[PDB]
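1. piece number one of the complex, untouched:
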Amino acid sequence: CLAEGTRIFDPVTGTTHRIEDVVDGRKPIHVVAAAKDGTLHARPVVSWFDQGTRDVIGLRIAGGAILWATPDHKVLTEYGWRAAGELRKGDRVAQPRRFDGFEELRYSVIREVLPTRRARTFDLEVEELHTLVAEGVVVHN
């Protein structure tokens, strides 16, 4: 599950949403989803889940992003899908390359793993691809 505050970009509208707002309002937004080959595609959210308050850990990525998710949340890495709790400094996660062009994914090293924290968590179902970019990182849905 992803923590409250997680930013999700809707490529069809240009709006960046906070996951808790998407779930609380059952907003049918589109997200940046990753296909098996690494290409990105806009896919609609079809299910919304308020997963309650749970423990989450943080992955500070080279570049500035800090992904907060439960230890069992799956993240796309250089070695495929791995649980956030299994990752450590040095491991690389998948991130979309800048949309302005200045092929579509890049792997960034985890700067540091942050200690467990209590937070409201959520989940979304993304049609067909079951993935989405959250806090600048390709994560599992």
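-> In hand now; what should we look at? Residues are numbered from 1 along each chain as shown, chains lettered A, B, ... in the order given.
2. Could I get the full set of helices for chain A?
-> A:19-24 (DSSP state H).
3. Tell me where chain A has strands.
-> A:2-3, A:7-10, A:15-18, A:30-34, A:40-61, A:66-69, A:74-77, A:80-83, A:92-96, A:105-126, A:131-134, A:137-140 (DSSP state E).
4. which one of the ones you listed lies closest to residue A:24?
-> Nearest of the strands of chain A to residue A:24, taken as Cβ to Cβ: strand A:40-61 at 7.4 Å. C-beta: built from backbone N, CA, C; applies to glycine.
5. just the CA coordinates of that closest one, formatted as CSV?
-> Written as CSV, here are the backbone C-alpha positions of strand A:40-61 (Å, rounded to 0.1, in the frame of the first residue of the first chain):
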residue,chain,number,x,y,z
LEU,A,40,4.5,4.1,-20.6
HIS,A,41,0.8,4.3,-21.2
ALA,A,42,-2.1,6.3,-19.8
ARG,A,43,-4.5,3.9,-18.0
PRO,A,44,-7.6,4.7,-15.9
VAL,A,45,-8.0,3.9,-12.2
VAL,A,46,-10.9,1.4,-11.9
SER,A,47,-10.8,0.5,-8.2
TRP,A,48,-10.1,2.6,-5.1
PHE,A,49,-8.9,1.2,-1.7
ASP,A,50,-8.6,2.9,1.7
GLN,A,51,-6.3,0.4,3.3
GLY,A,52,-6.2,2.1,6.7
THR,A,53,-3.3,3.1,8.9
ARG,A,54,-0.3,0.9,8.5
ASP,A,55,3.5,1.0,9.0
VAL,A,56,5.4,2.3,6.0
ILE,A,57,9.1,2.7,5.2
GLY,A,58,10.7,5.4,3.0
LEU,A,59,13.0,5.0,0.0
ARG,A,60,15.0,8.2,-0.7
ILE,A,61,15.9,8.1,-4.4
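6. sequence below should go in as chain B:
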Amino acid sequence: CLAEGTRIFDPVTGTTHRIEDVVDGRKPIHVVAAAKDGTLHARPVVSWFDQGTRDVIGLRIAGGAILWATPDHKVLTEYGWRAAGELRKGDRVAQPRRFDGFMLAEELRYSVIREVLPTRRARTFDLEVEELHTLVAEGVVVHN
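-> Putting chain B onto the chains we already have gives this:
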């Protein structure tokens, strides 16, 4: 997460595996996976997860199979994904079946839940299925 003992059907070999054996041996078995349009395909397991001991509930499906999963595990229904813990007796779940006369040949069919069993503690596991992110466990299409 799925409980120890969960039977996973490999449509390629025809073999049925216990999920804990698949995870403990990181076996790249194939599973019956459902695509967006409901069609079924053989897809390989690419990741294995030992999720530790968690609370799991049980759903006995028409036919006799019993799916033991955490209440938050997503199950495929004609209305989309639903948390196992929200399903009740009589609700229908996706259960692939081959033509009996009464891309894979299996057709996506639906079967009713005959009984909901009380929560219990059990070792749990999870699997990642290439591309489609779904698989058949205890004959029911569940979320991966």
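7. Report the outermost residue of chain A with respect to its centre.
-> No residue in chain A sits farther from the centre than residue A:102, which is 22.1 Å out by Cα atoms, centre = their mean.
8. For that residue, give its distance to residue B:107.
-> Remark: distance between residue A:102 and residue B:107 (Cβ to Cβ, to the nearest Å) = 49 Å.
9. Equivalent analysis for residue A:116, please.
-> 45 Å.
10. before we move on, what about residue A:97?
-> 41 Å.
11. got the residues of chain A near chain B?
-> Within chain A, the residues that sit near chain B (Cβ under 8 Å from any Cβ of the partner chain) are A:36, A:46-47, A:49, A:51, A:72, A:74, A:80-83, A:125, A:127-130.
12. which one of the residues you listed has the most neighbours?
-> Among the residues of chain A next to chain B, residue A:74 has the most neighbours (other Cβ atoms under 10 Å in any protein chain shown), with 22 neighbours.
13. and the residue found closest to it once you drop the neighbours it is linked to in the chain, what are its bridge partners?
-> Among residues not flanking residue A:74 along the chain, residue A:140 sits closest, at 3.4 Å (Cβ to Cβ, 6 or more residues apart in numbering or on different chains). Beta bridges link residue A:140 to residue A:131 when assigned by DSSP bridges.
14. who touches residue A:140 in this structure?
-> Residue A:140 makes contacts with A:73, A:74, A:75, A:76, A:81, A:130, A:131, as judged by Cβ atoms under 8 Å, 6 or more residues apart in numbering or on different chains.
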